[PDB]
Amino acid sequence: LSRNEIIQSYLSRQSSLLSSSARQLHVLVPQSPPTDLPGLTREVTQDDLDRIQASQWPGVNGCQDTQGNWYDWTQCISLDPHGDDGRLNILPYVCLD
Amino acid sequence: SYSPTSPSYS
Amino acid sequence: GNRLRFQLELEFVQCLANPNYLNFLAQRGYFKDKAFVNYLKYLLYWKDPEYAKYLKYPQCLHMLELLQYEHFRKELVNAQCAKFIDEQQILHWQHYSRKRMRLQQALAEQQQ
Amino acid sequence: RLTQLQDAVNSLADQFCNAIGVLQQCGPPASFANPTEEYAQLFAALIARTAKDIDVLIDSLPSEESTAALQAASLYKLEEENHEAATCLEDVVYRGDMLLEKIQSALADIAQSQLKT
Amino acid sequence: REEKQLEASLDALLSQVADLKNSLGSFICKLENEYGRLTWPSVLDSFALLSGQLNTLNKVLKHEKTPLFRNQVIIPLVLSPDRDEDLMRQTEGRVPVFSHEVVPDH
Amino acid sequence: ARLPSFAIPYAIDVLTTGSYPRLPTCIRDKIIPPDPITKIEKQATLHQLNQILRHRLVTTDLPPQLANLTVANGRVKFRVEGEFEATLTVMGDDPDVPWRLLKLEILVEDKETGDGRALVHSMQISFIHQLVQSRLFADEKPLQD
Amino acid sequence: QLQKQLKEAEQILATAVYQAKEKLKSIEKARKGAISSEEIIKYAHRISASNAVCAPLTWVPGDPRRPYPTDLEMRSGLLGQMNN
Amino acid sequence: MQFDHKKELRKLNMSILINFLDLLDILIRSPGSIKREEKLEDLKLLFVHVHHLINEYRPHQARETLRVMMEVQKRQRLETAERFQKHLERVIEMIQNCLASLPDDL
Amino acid sequence: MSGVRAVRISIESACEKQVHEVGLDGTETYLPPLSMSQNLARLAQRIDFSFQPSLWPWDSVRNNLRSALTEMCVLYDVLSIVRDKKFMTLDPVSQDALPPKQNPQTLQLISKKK
Amino acid sequence: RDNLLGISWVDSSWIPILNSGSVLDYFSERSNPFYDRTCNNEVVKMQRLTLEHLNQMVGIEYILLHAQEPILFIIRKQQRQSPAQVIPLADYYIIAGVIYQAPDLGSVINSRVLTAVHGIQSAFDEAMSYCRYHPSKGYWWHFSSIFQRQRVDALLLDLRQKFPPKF
């Protein structure tokens, strides 16, 4: 368990950084006081069903991001939260093949 | 080295 | 009782998904008996959803179908058969999962 | 995005255990080193990054405008529309099959005439 | 001395096995290439001598003042999943790349 | 406590049907031989081949001196009444598939010269068959050739 | 030329309607397919709770986690234990 | 039961980080306290909830991704129907032009 | 969520691409070309016009002789692998196959008899 | 206990935790057909300390012979009459955490010849049943050129030269 060799330690940094990874960060989403079923008691409201299918809903159907680019659940978001060349890589939600 | 290979050795 | 029958049959069908156990049975000559093919034909009741609801290891069902072709049991007595089938099974499994993950990650990193 | 969020939360817990196990096991003795200080800065930065990433995946993750009610309504509408679309497409295939049968017979007749001449 | 004699007996056994294998191979290949026209006298003419001569020779060799074979033991040394082009040539195509399965199997 | 991917469609496939569409099929291709088509299929495929042969004939310039052709549900049966009997057929797509001579029966059958026999060694008939087949396999202009 | 064009059109129609028939076959499987979603979620959790539906994050060529009930699970498994 | 799944997930993220900071305050001030055992239980409970919400965003990842799945299948069926409709129009136009050229040439 | 109501949700089989063959060291293979227009000619190839070569008579004899040959060959391979010190040994552990019975006489007798 | 050569014994837990130091322990797990309680490694574990005690008390001492780090670990069974006196009894080799007994160069060959020749004998008996004989007919189983062909071959070569093959 001694490890601590400069080489052994250097491998640890690369492996850990790879798994993890001007703002280009997602738009802040605030409080959600009316939830569609329990919070607003608006179960089966037809506008909500229409909005989810085609309209852009910030958190039900996608992630807004900054710079305006809209990323849907199936798509993968590439963003750069730190001020460095390396960019965080959001992957897909539906991941539907 | 040479652990028993469930998938083939690379 | 019928409960013990159900439990033993479930365990046996879930165990059939093992190529090692299949090669075991094929070498020991259990497949050559005309009783085992009728038992397999009876075991097809697991295809129903109410019975498939209790199957923890689902990989067996497809395999079971192959056992009905009457050419799968004549072969598979070889150990290379179990080798190859387990190889392809584990390869499909692990490669599908990790390859989807790695492809997504690598494409996201390269496009940036 | 969901498996990414799960792996990000697990990486947060792993960075917690790694940060304490590093910054307690290794340190300059005392006075009544610099590599350890660098390690502390790097660990703090990584934990802060992971937190920001989890928030972005979550600011993103679904709004509680689903999981019930709208799910059932949408699946019922989708079943109805799947039925009607199947009917429409099978009607279109019927039209195409009639057209293909007509064109197939037409040559069957051109070829018969050309062979009879 | 005894080791030299043991090796000589081993080589003789190798020769016998090789000959028997060759004979069997030729026989089955000829059966598959002839199929028809083959008749019982010829089939008996080939099976009998091919088997009788080789088997009698093997038993005779095993029992003529040769080293005691139950004494020696075979325990695998190195196994490497590496591709080998020499064991494939030496065993004439079967048993390539001495893997883990092959030592319990053989 | 964390789930993996939540199965996505794997659970749906088992419940909806049963034929596992995952892993490799090479199992069945290498271990299980394919089942042959029944006579109903035979007739339908031969009728499709009849239509394809009609198209190929109306496109190809069939020689006008004889060209006695009958679809025979699978073979054009090119047979001059007293001189030769060839059976040409196609193997697939009309643009570039070659022909298949299949039969090379010789019609010259005299009962005054050849009694209780043909008129030429079968081996020579098969040689001419393979020669003319390789010659037609070039997709030149075969009905005339 | 007309005949050739007609034949090409026929081939197009054929492929199109064959694909339409494939879609119809899917629709016939789908009709019987409709079932409870909760049941689908429970079955997915059942098949995915272990290392069966998804390969594990750290699963290299050498793992006791197998696509089958191993041999120790078989040794305590009802099957042969009760047959004995 | 207000059960917002994004607000409470952000709350649980921030609660996990602040309880880690309070565990650092335990390790600074009084390591022999009882509370650290509670604290080493406490954030565990928090971590359980952060998984338990996103799973519930997972019979919803299921039901919601399932929702998108069915919509995508319906869209693909509509696209195939449109392609057939367009293909049929193209074929009808081809037949009409070819027929005019036959009698126009006549 | 407090009492989720399951409705009749229909899902289509996810058969967009199949992995006919899976090779080692990754390398996925998508053999399935998903065609029919050519599949008709492919099936026409199967159609007739007129398991080894014939292999209806003497199949048992053929298989038995093949198996005997294979055992002979395996023994020869092991002997050739002992012929050298390449991945093998031959250390003679001074032992003695001690048979605690009159097995020999009885076996000889029965064998000769049958 | 029927045939020690035909038995294999294993255990999954000990498999990942296997190293040159632990091979003897794996053989020693007990309830292992190959090893025995009578062996002195057992009397040592029962007592205390394992050092040059195998050279002091001389007897049944299972000792590792050759070792490959990942899987291969060969064990030898010795019977010592005195220090610096070793008598080898048998060899048990462990491949992939699976213990087998090393086959004798001769017991293996005897079994091998027996199976091959038994197969040949079954094939022979079966072949004997089908041959049927008559003196008039000869043997059977229980299941040319008209010489006008030289001119035909000349015509074949002539049409070859006239109509060349265009494969």
# chains A, B, ... in the order shown; residues from 1 in each chain; ligands from 1

$ interface_residues --of "chain C" --to "chain A" --cutoff "10 Å" --atoms "only C-alpha atoms" --output "list in words"
residues 100, 101, 104, 105, 106, 107, 108, 109, 110, 111 and 112 of chain C

$ interface_residues --of "chain A" --to "chain H" --cutoff "10 Å" --atoms "only C-alpha atoms" --output "count of residues only"
23

$ atom_distance --atom1 "atom CA of residue 57 of chain H" --atom2 "atom CA of residue 9 of chain H"
10.8 Å

$ residues_around --residues "residue 74 of chain C" --least-positions-apart "3" --cutoff "12 Å" --atoms "only C-alpha atoms" --output "short mmCIF file (atom, residue, chain, number, x, y, z; two decimals) with N, CA and C atoms, in the first residue's frame"
data_model
loop_
_atom_site.label_atom_id
_atom_site.label_comp_id
_atom_site.auth_asym_id
_atom_site.auth_seq_id
_atom_site.Cartn_x
_atom_site.Cartn_y
_atom_site.Cartn_z
N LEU C 22 -24.97 -27.06 -19.58
CA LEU C 22 -25.47 -27.67 -20.82
C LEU C 22 -24.50 -28.70 -21.35
N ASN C 23 -23.20 -28.39 -21.36
CA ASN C 23 -22.20 -29.36 -21.79
C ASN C 23 -22.14 -30.54 -20.84
N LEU C 25 -24.73 -31.82 -19.14
CA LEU C 25 -25.87 -32.67 -19.46
C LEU C 25 -25.67 -33.38 -20.81
N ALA C 26 -25.08 -32.68 -21.79
CA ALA C 26 -24.89 -33.28 -23.10
C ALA C 26 -23.88 -34.42 -23.05
N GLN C 27 -22.79 -34.23 -22.31
CA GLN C 27 -21.79 -35.29 -22.19
C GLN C 27 -22.34 -36.46 -21.40
N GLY C 29 -25.13 -37.64 -21.38
CA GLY C 29 -26.10 -38.39 -22.15
C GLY C 29 -27.54 -38.17 -21.78
N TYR C 30 -27.85 -37.08 -21.08
CA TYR C 30 -29.24 -36.83 -20.69
C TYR C 30 -30.06 -36.36 -21.89
N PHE C 31 -29.42 -35.72 -22.87
CA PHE C 31 -30.15 -35.20 -24.01
C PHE C 31 -30.60 -36.30 -24.96
N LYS C 32 -29.85 -37.41 -25.01
CA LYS C 32 -30.17 -38.47 -25.97
C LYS C 32 -31.47 -39.18 -25.62
N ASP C 33 -31.86 -39.15 -24.35
CA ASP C 33 -33.10 -39.78 -23.94
C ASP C 33 -34.30 -39.00 -24.47
N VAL C 37 -36.42 -34.48 -24.07
CA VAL C 37 -36.97 -33.58 -25.09
C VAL C 37 -38.43 -33.27 -24.78
N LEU C 66 -33.41 -22.84 -28.67
CA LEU C 66 -32.40 -23.55 -29.46
C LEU C 66 -32.42 -25.04 -29.15
N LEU C 67 -32.66 -25.39 -27.88
CA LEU C 67 -32.63 -26.80 -27.49
C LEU C 67 -33.72 -27.59 -28.19
N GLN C 68 -34.72 -26.91 -28.75
CA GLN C 68 -35.79 -27.61 -29.45
C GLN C 68 -35.46 -27.91 -30.90
N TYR C 69 -34.33 -27.43 -31.43
CA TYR C 69 -34.09 -27.57 -32.86
C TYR C 69 -33.61 -28.97 -33.21
N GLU C 70 -33.25 -29.77 -32.21
CA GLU C 70 -32.83 -31.17 -32.29
C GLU C 70 -31.45 -31.33 -32.90
N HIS C 71 -30.84 -30.25 -33.41
CA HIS C 71 -29.45 -30.27 -33.84
C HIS C 71 -28.53 -29.59 -32.83
N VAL C 77 -21.79 -31.37 -27.21
CA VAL C 77 -21.05 -32.31 -26.37
C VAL C 77 -19.59 -31.88 -26.25
N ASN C 78 -19.10 -31.09 -27.21
CA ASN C 78 -17.73 -30.62 -27.17
C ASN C 78 -17.58 -29.52 -26.12
N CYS C 81 -17.55 -25.96 -27.76
CA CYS C 81 -18.87 -25.35 -27.93
C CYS C 81 -19.21 -24.44 -26.76
N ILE F 31 -24.39 -23.53 -35.61
CA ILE F 31 -24.81 -24.78 -34.99
C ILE F 31 -26.09 -25.35 -35.60
N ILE F 32 -27.05 -24.48 -35.96
CA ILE F 32 -28.37 -24.96 -36.48
C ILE F 32 -28.46 -24.78 -38.00
#

$ residues_around --residues "segment 57-59 of chain C" --least-positions-apart "5" --cutoff "9 Å" --atoms "only C-alpha atoms" --output "PyMOL selection string"
(chain C and resi 14-15+17+52) or (chain F and resi 14+20) or (chain G and resi 46-47+52-53+67-69)

$ write_last_selection --atoms "C-alpha atoms" --output "PDB file, in the first residue's frame"
ATOM      1  CA  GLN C  14     -32.399 -20.508 -14.810  1.00  0.00           C
ATOM      2  CA  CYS C  15     -29.551 -23.026 -14.550  1.00  0.00           C
ATOM      3  CA  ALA C  17     -28.594 -20.607 -19.172  1.00  0.00           C
ATOM      4  CA  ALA C  52     -41.579 -14.860 -17.172  1.00  0.00           C
TER       5      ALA C  52
ATOM      6  CA  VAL F  14     -38.985 -10.384 -23.021  1.00  0.00           C
ATOM      7  CA  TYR F  20     -33.917 -12.630 -27.693  1.00  0.00           C
TER       8      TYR F  20
ATOM      9  CA  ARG G  46     -35.580  -7.473 -11.353  1.00  0.00           C
ATOM     10  CA  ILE G  47     -33.406  -8.286 -14.374  1.00  0.00           C
ATOM     11  CA  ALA G  52     -27.379  -9.641 -15.872  1.00  0.00           C
ATOM     12  CA  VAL G  53     -28.980  -6.880 -18.050  1.00  0.00           C
ATOM     13  CA  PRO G  67     -24.187 -14.338 -16.798  1.00  0.00           C
ATOM     14  CA  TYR G  68     -25.315 -17.637 -15.138  1.00  0.00           C
ATOM     15  CA  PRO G  69     -25.799 -18.806 -11.450  1.00  0.00           C
TER      16      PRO G  69
END

$ select_by_dssp --residues "segment 22-141 of chain F" --states "strand (DSSP E)" --output "VMD selection string"
chain F and resid 84 to 86 89 to 90 99 to 100 104 to 106

$ write_last_selection --atoms "C-alpha atoms" --output "compact mmCIF listing (two decimals), in the first residue's frame"
# COMPACT_ATOMS: atom_id res chain seq x y z
CA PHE F 84 -30.50 -28.70 -79.35
CA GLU F 85 -32.11 -28.31 -75.88
CA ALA F 86 -30.59 -25.70 -73.56
CA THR F 89 -31.97 -18.99 -66.39
CA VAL F 90 -30.99 -16.01 -64.27
CA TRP F 99 -27.01 -16.67 -66.84
CA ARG F 100 -27.00 -20.38 -65.83
CA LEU F 104 -27.20 -29.18 -72.48
CA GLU F 105 -29.19 -32.03 -74.01
CA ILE F 106 -28.32 -32.73 -77.69

$ residues_around --residues "segment 128-141 of chain J" --least-positions-apart "2" --cutoff "9 Å" --atoms "only C-alpha atoms" --output "MDAnalysis selection string"
(chainID E and resid 39:41 44) or (chainID J and resid 123:126 143)

$ residues_around --residues "residue 44 of chain H" --least-positions-apart "6" --cutoff "10 Å" --atoms "only C-alpha atoms" --output "PyMOL selection string"
(chain D and resi 13) or (chain H and resi 16+38+50)

$ residues_around --residues "residue 3 of chain B" --least-positions-apart "6" --cutoff "12 Å" --atoms "only C-alpha atoms" --output "list in words"
residues 9 and 10 of chain B; 79, 80, 81, 99 and 100 of chain E; 60, 61, 62 and 63 of chain G; 15, 16, 18, 68, 69, 70, 71, 72, 95, 96 and 97 of chain J

$ closest_atom_pairs --of "chain C" --to "chain F" --cutoff "10 Å" --atoms "only C-alpha atoms" --output "CSV"
residue,atom,partner,partner_atom,distance
C:46,CA,F:18,CA,9.9
C:47,CA,F:18,CA,6.6
C:48,CA,F:15,CA,8.1
C:49,CA,F:15,CA,5.6
C:50,CA,F:15,CA,9.1
C:52,CA,F:15,CA,7.4
C:53,CA,F:15,CA,8.2
C:58,CA,F:14,CA,7.8
C:59,CA,F:20,CA,8.0
C:60,CA,F:20,CA,9.6
C:61,CA,F:18,CA,7.3
C:62,CA,F:20,CA,5.6
C:63,CA,F:20,CA,8.9
C:65,CA,F:19,CA,8.4
C:66,CA,F:28,CA,7.7
C:69,CA,F:32,CA,7.3
C:70,CA,F:32,CA,8.7
C:71,CA,F:32,CA,6.0
C:72,CA,F:31,CA,6.4
C:73,CA,F:31,CA,9.8
C:74,CA,F:31,CA,9.8
C:75,CA,F:31,CA,7.6
C:76,CA,F:31,CA,8.7
C:81,CA,F:31,CA,9.3
C:84,CA,F:27,CA,8.6
C:85,CA,F:27,CA,6.9
C:88,CA,F:24,CA,6.4
C:89,CA,F:23,CA,6.0
C:90,CA,F:23,CA,8.5
C:91,CA,F:23,CA,7.9
C:92,CA,F:23,CA,4.7
C:93,CA,F:23,CA,6.9
C:95,CA,F:23,CA,9.8
C:96,CA,F:23,CA,8.7
C:97,CA,F:5,CA,9.2

$ write_last_selection --atoms "N, CA, C and O atoms" --output "compact mmCIF listing (two decimals), in the first residue's frame"
# COMPACT_ATOMS: atom_id res chain seq x y z
N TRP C 46 -42.71 -21.18 -19.74
CA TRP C 46 -42.08 -19.99 -19.18
C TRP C 46 -42.16 -18.80 -20.12
O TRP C 46 -41.90 -17.67 -19.69
N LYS C 47 -42.52 -19.05 -21.38
CA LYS C 47 -42.61 -17.96 -22.40
C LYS C 47 -43.76 -17.01 -22.05
O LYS C 47 -43.71 -15.85 -22.49
N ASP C 48 -44.74 -17.49 -21.27
CA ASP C 48 -45.87 -16.66 -20.89
C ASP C 48 -45.40 -15.52 -19.99
O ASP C 48 -44.45 -15.70 -19.21
N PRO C 49 -46.03 -14.35 -20.06
CA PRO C 49 -45.56 -13.23 -19.22
C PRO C 49 -45.75 -13.47 -17.73
O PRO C 49 -44.89 -13.06 -16.93
N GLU C 50 -46.83 -14.13 -17.33
CA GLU C 50 -47.06 -14.40 -15.92
C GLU C 50 -45.97 -15.30 -15.34
O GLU C 50 -45.62 -15.18 -14.16
N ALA C 52 -42.83 -15.57 -16.95
CA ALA C 52 -41.58 -14.86 -17.17
C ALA C 52 -41.36 -13.76 -16.14
O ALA C 52 -40.24 -13.27 -15.99
N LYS C 53 -42.41 -13.36 -15.43
CA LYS C 53 -42.29 -12.34 -14.39
C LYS C 53 -41.39 -12.78 -13.25
O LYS C 53 -40.82 -11.92 -12.56
N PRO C 58 -32.86 -13.84 -17.37
CA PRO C 58 -33.69 -14.07 -18.56
C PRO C 58 -32.95 -14.70 -19.72
O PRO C 58 -33.61 -15.14 -20.67
N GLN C 59 -31.63 -14.78 -19.68
CA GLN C 59 -30.87 -15.28 -20.83
C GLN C 59 -31.23 -16.72 -21.18
O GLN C 59 -30.90 -17.19 -22.28
N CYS C 60 -31.95 -17.42 -20.30
CA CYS C 60 -32.24 -18.83 -20.51
C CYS C 60 -33.26 -19.04 -21.63
O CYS C 60 -33.09 -19.94 -22.47
N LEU C 61 -34.32 -18.22 -21.66
CA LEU C 61 -35.45 -18.46 -22.56
C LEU C 61 -35.00 -18.70 -23.99
O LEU C 61 -35.29 -19.75 -24.58
N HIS C 62 -34.28 -17.73 -24.57
CA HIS C 62 -33.76 -17.90 -25.93
C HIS C 62 -33.01 -19.21 -26.08
O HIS C 62 -33.29 -20.00 -26.99
N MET C 63 -32.07 -19.48 -25.17
CA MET C 63 -31.33 -20.74 -25.20
C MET C 63 -32.27 -21.93 -25.26
O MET C 63 -32.07 -22.86 -26.06
N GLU C 65 -35.17 -22.22 -26.56
CA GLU C 65 -35.69 -22.40 -27.91
C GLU C 65 -34.70 -23.18 -28.77
O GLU C 65 -35.09 -24.10 -29.51
N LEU C 66 -33.41 -22.84 -28.67
CA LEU C 66 -32.40 -23.55 -29.46
C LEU C 66 -32.42 -25.04 -29.15
O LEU C 66 -32.26 -25.87 -30.05
N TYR C 69 -34.33 -27.43 -31.43
CA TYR C 69 -34.09 -27.57 -32.86
C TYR C 69 -33.61 -28.97 -33.21
O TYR C 69 -33.56 -29.34 -34.40
N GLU C 70 -33.25 -29.77 -32.21
CA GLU C 70 -32.83 -31.17 -32.29
C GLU C 70 -31.45 -31.33 -32.90
O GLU C 70 -30.92 -32.44 -32.93
N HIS C 71 -30.84 -30.25 -33.41
CA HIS C 71 -29.45 -30.27 -33.84
C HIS C 71 -28.53 -29.59 -32.83
O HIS C 71 -27.32 -29.78 -32.90
N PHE C 72 -29.10 -28.81 -31.90
CA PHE C 72 -28.30 -28.18 -30.86
C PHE C 72 -27.87 -29.19 -29.81
O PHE C 72 -26.80 -29.06 -29.19
N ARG C 73 -28.68 -30.23 -29.59
CA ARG C 73 -28.37 -31.21 -28.56
C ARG C 73 -27.44 -32.30 -29.09
O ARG C 73 -26.67 -32.88 -28.32
N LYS C 74 -27.51 -32.60 -30.39
CA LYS C 74 -26.57 -33.55 -30.97
C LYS C 74 -25.14 -33.02 -30.89
O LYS C 74 -24.21 -33.75 -30.57
N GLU C 75 -24.96 -31.73 -31.19
CA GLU C 75 -23.71 -31.05 -30.92
C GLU C 75 -23.70 -30.60 -29.47
O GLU C 75 -24.49 -31.06 -28.64
N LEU C 76 -22.78 -29.70 -29.12
CA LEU C 76 -22.57 -29.10 -27.81
C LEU C 76 -21.93 -30.10 -26.84
O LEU C 76 -21.54 -29.70 -25.74
N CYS C 81 -17.55 -25.96 -27.76
CA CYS C 81 -18.87 -25.35 -27.93
C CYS C 81 -19.21 -24.44 -26.76
O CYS C 81 -19.60 -23.28 -26.97
N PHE C 84 -17.09 -21.33 -26.85
CA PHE C 84 -17.46 -20.32 -27.84
C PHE C 84 -18.76 -19.61 -27.45
O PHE C 84 -18.88 -18.39 -27.61
N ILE C 85 -19.74 -20.36 -26.93
CA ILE C 85 -21.02 -19.75 -26.62
C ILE C 85 -20.89 -18.81 -25.42
O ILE C 85 -21.44 -17.70 -25.42
N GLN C 88 -19.12 -15.64 -26.66
CA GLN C 88 -19.99 -14.70 -27.35
C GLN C 88 -20.99 -14.05 -26.41
O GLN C 88 -21.29 -12.86 -26.55
N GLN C 89 -21.51 -14.80 -25.44
CA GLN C 89 -22.46 -14.22 -24.49
C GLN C 89 -21.82 -13.09 -23.69
O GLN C 89 -22.33 -11.96 -23.66
N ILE C 90 -20.70 -13.39 -23.02
CA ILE C 90 -20.04 -12.38 -22.19
C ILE C 90 -19.54 -11.23 -23.05
O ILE C 90 -19.53 -10.07 -22.62
N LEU C 91 -19.14 -11.53 -24.29
CA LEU C 91 -18.68 -10.48 -25.19
C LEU C 91 -19.81 -9.52 -25.54
O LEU C 91 -19.66 -8.30 -25.41
N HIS C 92 -20.94 -10.06 -25.98
CA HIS C 92 -22.11 -9.23 -26.23
C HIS C 92 -22.42 -8.36 -25.02
O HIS C 92 -22.50 -7.14 -25.12
N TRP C 93 -22.53 -8.99 -23.84
CA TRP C 93 -22.88 -8.27 -22.62
C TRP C 93 -21.92 -7.11 -22.35
O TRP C 93 -22.31 -5.92 -22.41
N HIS C 95 -19.24 -5.89 -23.98
CA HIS C 95 -18.93 -4.96 -25.06
C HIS C 95 -20.09 -4.02 -25.33
O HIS C 95 -19.88 -2.82 -25.51
N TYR C 96 -21.33 -4.53 -25.36
CA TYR C 96 -22.46 -3.62 -25.52
C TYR C 96 -22.41 -2.52 -24.47
O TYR C 96 -22.34 -1.33 -24.82
N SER C 97 -22.38 -2.89 -23.19
CA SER C 97 -22.40 -1.87 -22.14
C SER C 97 -21.22 -0.91 -22.26
O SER C 97 -21.39 0.31 -22.47

$ select_by_dssp --residues "segment 2-95 of chain H" --states "alpha helix (DSSP H)" --output "PyMOL selection string"
chain H and resi 7-29+35-56+59-60+66-95

$ write_last_selection --atoms "C-alpha atoms" --output "compact mmCIF listing (two decimals), in the first residue's frame"
# COMPACT_ATOMS: atom_id res chain seq x y z
CA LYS H 7 -35.52 21.54 -6.28
CA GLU H 8 -35.12 18.69 -3.77
CA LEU H 9 -32.22 17.23 -5.71
CA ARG H 10 -30.44 20.58 -5.57
CA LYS H 11 -31.29 20.76 -1.87
CA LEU H 12 -29.84 17.31 -1.28
CA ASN H 13 -26.67 18.18 -3.19
CA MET H 14 -26.13 21.25 -1.05
CA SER H 15 -27.02 19.33 2.10
CA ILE H 16 -24.43 16.67 1.25
CA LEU H 17 -21.73 19.29 0.85
CA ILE H 18 -22.64 21.17 4.03
CA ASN H 19 -22.74 17.97 6.05
CA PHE H 20 -19.30 17.13 4.73
CA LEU H 21 -18.14 20.51 5.98
CA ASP H 22 -19.76 19.85 9.35
CA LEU H 23 -18.01 16.50 9.49
CA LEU H 24 -14.80 18.42 8.95
CA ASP H 25 -15.86 20.59 11.89
CA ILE H 26 -16.33 17.42 13.94
CA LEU H 27 -12.84 16.25 12.99
CA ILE H 28 -11.42 19.65 13.89
CA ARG H 29 -13.18 20.24 17.21
CA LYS H 35 -22.13 13.02 16.78
CA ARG H 36 -19.61 11.81 14.20
CA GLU H 37 -21.22 8.38 14.29
CA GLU H 38 -24.50 10.16 13.64
CA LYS H 39 -22.66 12.25 11.06
CA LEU H 40 -21.18 9.17 9.41
CA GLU H 41 -24.71 7.86 9.35
CA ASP H 42 -26.22 11.22 8.47
CA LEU H 43 -24.80 11.92 5.04
CA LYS H 44 -25.30 8.22 4.27
CA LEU H 45 -29.02 8.82 4.56
CA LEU H 46 -28.58 11.86 2.34
CA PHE H 47 -26.77 9.81 -0.26
CA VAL H 48 -29.56 7.25 -0.19
CA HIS H 49 -32.10 9.91 -1.01
CA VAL H 50 -30.03 11.28 -3.86
CA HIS H 51 -30.12 7.86 -5.39
CA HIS H 52 -33.73 7.30 -4.48
CA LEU H 53 -34.94 10.41 -6.23
CA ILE H 54 -33.13 9.75 -9.49
CA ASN H 55 -34.33 6.17 -9.59
CA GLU H 56 -37.85 7.60 -9.19
CA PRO H 59 -39.46 4.47 -13.44
CA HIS H 60 -39.84 8.05 -14.87
CA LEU H 66 -40.55 5.39 -22.46
CA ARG H 67 -42.81 8.33 -23.40
CA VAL H 68 -40.19 9.72 -25.84
CA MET H 69 -39.60 6.17 -27.15
CA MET H 70 -43.26 5.71 -28.20
CA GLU H 71 -43.39 9.24 -29.74
CA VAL H 72 -40.22 8.44 -31.81
CA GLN H 73 -41.78 5.15 -33.05
CA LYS H 74 -45.00 6.99 -34.06
CA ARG H 75 -42.91 9.65 -35.89
CA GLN H 76 -40.96 6.90 -37.77
CA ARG H 77 -44.26 5.22 -38.83
CA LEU H 78 -45.55 8.61 -40.09
CA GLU H 79 -42.27 9.18 -42.03
CA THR H 80 -42.50 5.71 -43.69
CA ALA H 81 -46.15 6.41 -44.66
CA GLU H 82 -45.08 9.79 -46.18
CA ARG H 83 -42.25 8.06 -48.14
CA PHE H 84 -44.76 5.50 -49.53
CA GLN H 85 -47.18 8.37 -50.49
CA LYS H 86 -44.36 10.26 -52.30
CA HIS H 87 -43.06 7.02 -53.92
CA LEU H 88 -46.60 6.22 -55.20
CA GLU H 89 -46.96 9.75 -56.68
CA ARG H 90 -43.58 9.43 -58.41
CA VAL H 91 -44.62 6.01 -59.87
CA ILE H 92 -48.00 7.39 -61.10
CA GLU H 93 -46.22 10.35 -62.76
CA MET H 94 -43.73 7.95 -64.42
CA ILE H 95 -46.57 5.78 -65.76

$ atom_distance --atom1 "atom CA of residue 13 of chain I" --atom2 "atom CA of residue 77 of chain D"
19.4 Å

$ interface_residues --of "chain D" --to "chain C" --cutoff "12 Å" --atoms "only C-alpha atoms" --output "list in words"
residues 1, 3, 4 and 7 of chain D

$ write_last_selection --atoms "N, CA, C and O atoms" --output "short mmCIF file (atom, residue, chain, number, x, y, z; two decimals), in the first residue's frame"
data_model
loop_
_atom_site.label_atom_id
_atom_site.label_comp_id
_atom_site.auth_asym_id
_atom_site.auth_seq_id
_atom_site.Cartn_x
_atom_site.Cartn_y
_atom_site.Cartn_z
N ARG D 1 -27.61 10.63 -19.15
CA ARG D 1 -27.73 11.76 -18.19
C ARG D 1 -28.09 11.21 -16.81
O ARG D 1 -27.54 11.74 -15.82
N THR D 3 -27.44 7.99 -15.77
CA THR D 3 -26.28 7.22 -15.33
C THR D 3 -25.08 8.12 -15.13
O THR D 3 -24.24 7.85 -14.26
N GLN D 4 -25.00 9.20 -15.89
CA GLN D 4 -23.98 10.20 -15.64
C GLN D 4 -24.18 10.86 -14.29
O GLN D 4 -23.21 11.10 -13.57
N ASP D 7 -23.13 8.35 -11.57
CA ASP D 7 -21.69 8.21 -11.47
C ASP D 7 -21.06 9.48 -10.91
O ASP D 7 -20.03 9.41 -10.23
#

$ atom_distance --atom1 "atom CA of residue 122 of chain F" --atom2 "atom CA of residue 78 of chain F"
19.5 Å

$ interface_residues --of "chain J" --to "chain I" --cutoff "8 Å" --atoms "only C-alpha atoms" --output "ChimeraX atom specification"
/J:87-91,109,112-113,115-117,119-120,122-124,126-127,143

$ interface_residues --of "chain I" --to "chain C" --cutoff "9 Å" --atoms "only C-alpha atoms" --output "PyMOL selection string"
chain I and resi 19+21-26+28

$ decode --residues "segment 18-22 of chain A" --atoms "C-alpha atoms" --output "compact mmCIF listing (two decimals), in the first residue's frame"
# COMPACT_ATOMS: atom_id res chain seq x y z
CA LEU A 18 -10.56 11.12 -17.45
CA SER A 19 -13.66 9.71 -15.65
CA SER A 20 -14.71 13.18 -14.35
CA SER A 21 -13.73 15.15 -17.50
CA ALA A 22 -16.45 32.25 -19.87
